[PDB]
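In the block that follows, a single chain appears as structure tokens, in the form deposited in one PDB entry.
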């Protein structure tokens, strides 16, 4: 009788029956190896529970270490099996950072992971409120946990009416300053900015930077105006009133 996998080499907190099963269901062998390697290099101390499960990617909690300090991490793992001309194949158009002449359909998830990492770096350097990026390897990206005591921060859509108890008007303005910094100093535009990928603890955080295109992308402008519409739409529901062309101007400067 041969062990099925090397999963028990990972350090997983509260690894009862069901916890193990979850990991054993979502990790493939190649991903397992990558997590093991990150643990041995010192980045991952122990892995915790599932934070998000999704089509393109799953996210888990981990305690780990960056730059000599203890940190709480979000461990984002892209599913390696990918299709069919992803939306994220298209999100590379016009991106000088990445040379198609070098890249093959098989490794395309590695590039998306890479691109998310570098977008977090870029956005952080521009003063955008995003998770601090730590490292990446293969289809695994390690970044700052936005939350407290292993509870992720609510998204704006989770908060809803509650936003009315936190200055919904300052929150909208916080969202708007972040899109402005992203556009003007990072030179990025989120492909689909919404109440689903914005978190809030005591300020806004933009938390899925993989869906962000450079300004040379053919649809940059369109995506920007759509983002502005999404944001006014959602906030208008809570009694913030704002003008499209005046926010678009604020962002575009």
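Residue numbers count along the first chain shown, from 1. Rigid core (definition): largest C-alpha set, two forms, superposition within 1.5 Å. Shifts are known only where both forms have a C-alpha.
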The stretch carrying the higher mean Cα B factor in the deposited entry, 52 to 60 or 183 to 191, is 52 to 60
Assert higher mean C-alpha B factor (101 to 109 or 140 to 148, deposited values) equals 101 to 109
Per the deposited B-factor column, the C-alpha that peaks among 114, 174, 86, 121 belongs to 86
Top Cα B-factor in this entry, restricted to 126, 73, 153, 163, sits on 163
Here the Cα B-factor of residue 170, set against its chain, lands in the third termed highest
Quick tally, chain-level thirds of C-alpha B-factors: residue 216 sits in the highest
Tertile call for residue 21 (CA temperature factor, within chain, third-based) is the middle
Residue 9: CA B-factor among chain residues, third -> lowest
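What comes next is about the form deposited in another entry, which is not displayed.
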Looking at 13, 241, 237, 229 between this form and the one not shown with the core superposed, the single C-alpha displaced by 2 Å or more is at 13
Align on the rigid core first; then say whether the Cα of residue 94 has moved by at least 2 Å between this form and the one not shown.
yes
Cα of residue 146 vs residue 14, shift of 3 Å or more in the other form, relative to this form: the pair sits farther
With a difference of at least 3 Å, the CA distance of residue 144 and residue 13 in the other form shows the atoms farther
Per-residue Cα shift of 2 Å or more between this form and the one not shown after core superposition, grouped into runs of 3+, gives 1 to 7, 11 to 19, 93 to 97
